[PDB]
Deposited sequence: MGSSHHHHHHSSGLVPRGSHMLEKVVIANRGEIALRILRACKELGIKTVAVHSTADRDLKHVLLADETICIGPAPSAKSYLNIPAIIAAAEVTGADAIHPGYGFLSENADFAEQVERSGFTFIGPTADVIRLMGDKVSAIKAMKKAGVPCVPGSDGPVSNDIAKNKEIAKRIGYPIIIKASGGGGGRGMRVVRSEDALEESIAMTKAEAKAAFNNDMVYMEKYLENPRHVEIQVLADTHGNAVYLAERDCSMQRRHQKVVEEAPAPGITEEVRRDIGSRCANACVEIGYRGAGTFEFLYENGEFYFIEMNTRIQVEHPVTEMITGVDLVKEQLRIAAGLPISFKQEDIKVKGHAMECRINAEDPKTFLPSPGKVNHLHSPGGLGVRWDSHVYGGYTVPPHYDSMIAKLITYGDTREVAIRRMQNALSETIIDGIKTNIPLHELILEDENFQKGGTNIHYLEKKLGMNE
């Protein structure tokens, strides 16, 4: 089985992975850049290997250095986390060709779902609902469409010329972002783990996520979920994955499959009692999913706020030394973070410093727990987006639930 895993990532997800490994008695190898020697997970890992200088291109995206790290430590597997190389099929193929287990899908399936086109075709074949699309095509679909968004037909031709200098589909004006978590194993099983609503976004970048999605009934959950699970089997999916949908007037429209773990996986953990990273590790080792579809029942409600080191108004990054950290706790409060007092947040990577996750028996309780946890949270020395979260949580439309993917931008 898996005895030693290279954690080919950094920051909070690297720590998340290390925690799962340590629970399973799996030895860890932390590969890191020169700028990341003081990362919490690096300090906790069984072995450490510096894979390059600060820039991602020369370290966390350095395929030969990461593979060499696996070789010299005698590792069995590599966990890519999210971002960086996690959906790089050339990386996955090289990992397997080098004799290591890639903790994720097979390269071929990554490539398949890594092409906007083949993805849709595979989903349509599998019965997963997609956005209508593909001269009179635009007409068939119904305006507005998108090649440049086109709202009228007299502008279609010119628009197509602009963009070409190459396909269409229905533009949904005000949809929600709703995504279905799945797991698939090497024993022919695939399960769905309810859904997440991640509609609160700025520039297509998620800010707050929750589970389950407000308004979604169990009947609807079972319908869309079962289609996603079937799809997994049809394409030979392996590991954790997410089917992302635009959701509008009660209809789902596939937009992308993330063939990896996602940042917001913890809200699903809280409402289903599944440890998604441990399942990744078990599935990669060849084991079956540790439960059946009938074992899963949504209970309660969970929310996640991505706490970023950035100015809460202009959103410019705020690197620097965290002089004081006070993290919240108590019942129904979860804190997933690599940051500690005295830690210096570097400029080289993303701005995430923590994920604050709350759970309650109702959405109302989860929201109030999030507000109270935020009020207890102190991060001194750098700016954070905590004030933005506090604005979102007290928003009357957010309290009602069901705000669309353009709402946050409209607000502000």
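Judged by missing C-alpha atoms, the gaps in the deposited chain sequence fall at residues 1 to 20, 155 to 165, 179 to 189, 208 to 217, 465 to 468, listed in sequence order.
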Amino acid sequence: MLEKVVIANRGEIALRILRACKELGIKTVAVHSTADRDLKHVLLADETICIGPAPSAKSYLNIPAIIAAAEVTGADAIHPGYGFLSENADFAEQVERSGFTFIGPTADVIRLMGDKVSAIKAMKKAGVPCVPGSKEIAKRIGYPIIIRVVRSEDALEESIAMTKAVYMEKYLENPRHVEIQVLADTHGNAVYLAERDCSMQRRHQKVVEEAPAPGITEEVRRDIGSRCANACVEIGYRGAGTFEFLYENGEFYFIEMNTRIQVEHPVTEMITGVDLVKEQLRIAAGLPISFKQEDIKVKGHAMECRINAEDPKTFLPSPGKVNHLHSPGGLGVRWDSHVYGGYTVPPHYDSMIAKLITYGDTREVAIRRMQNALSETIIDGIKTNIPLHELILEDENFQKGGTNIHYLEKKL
From here on, numbers count along this sequence of modelled residues.
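We call the rigid core the largest set of C-alpha positions that still match within 1.5 Å between the two forms.
Rigid core fits of the other structures in 8 other deposited structures of this protein place the C-alpha atoms of one stretch farther away on average; of 149 to 157 and 193 to 201, that stretch is 149 to 157. When the other structures are laid on the shown form by the core, the C-alphas of 332 to 340 and 137 to 145 differ in how far they drift in 8 other deposited structures of this protein; the larger average drift belongs to 137 to 145. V322, modelled here, also has coordinates in every other compared entry of this protein that models residues flanking it, well short of the third needed to call it frequently missing. Checked against the other entries of this protein, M257 counts as resolved in every one of those spanning it, not missing from a third of them. Stretches 277 to 285 and 112 to 120 differ in mean C-alpha B factor, with the higher average recorded for 112 to 120. Two stretches are in play, 355 to 363 and 34 to 42, and the higher mean C-alpha B-factor belongs to 34 to 42. The residue among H326, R148, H79, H301 whose C-alpha atom has the highest B-factor in the PDB entry is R148.
Of the candidates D223, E244, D185, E310, the PDB record gives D223 the highest C-alpha temperature factor.
For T268, the recorded CA B-factor ranks within the lowest third of the chain. Only modelled residues enter the ranking. When all modelled residues of the chain are sorted by CA temperature factor, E195 is found within the middle third. Annotation for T101: CA B-factor lies in the middle third of the chain's modelled residues. When the modelled residues of the chain are ordered by their C-alpha B factor, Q181 lands in the lowest third. Per the PDB record, residue ranking by Cα B-factor puts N249 in the highest third of the chain.
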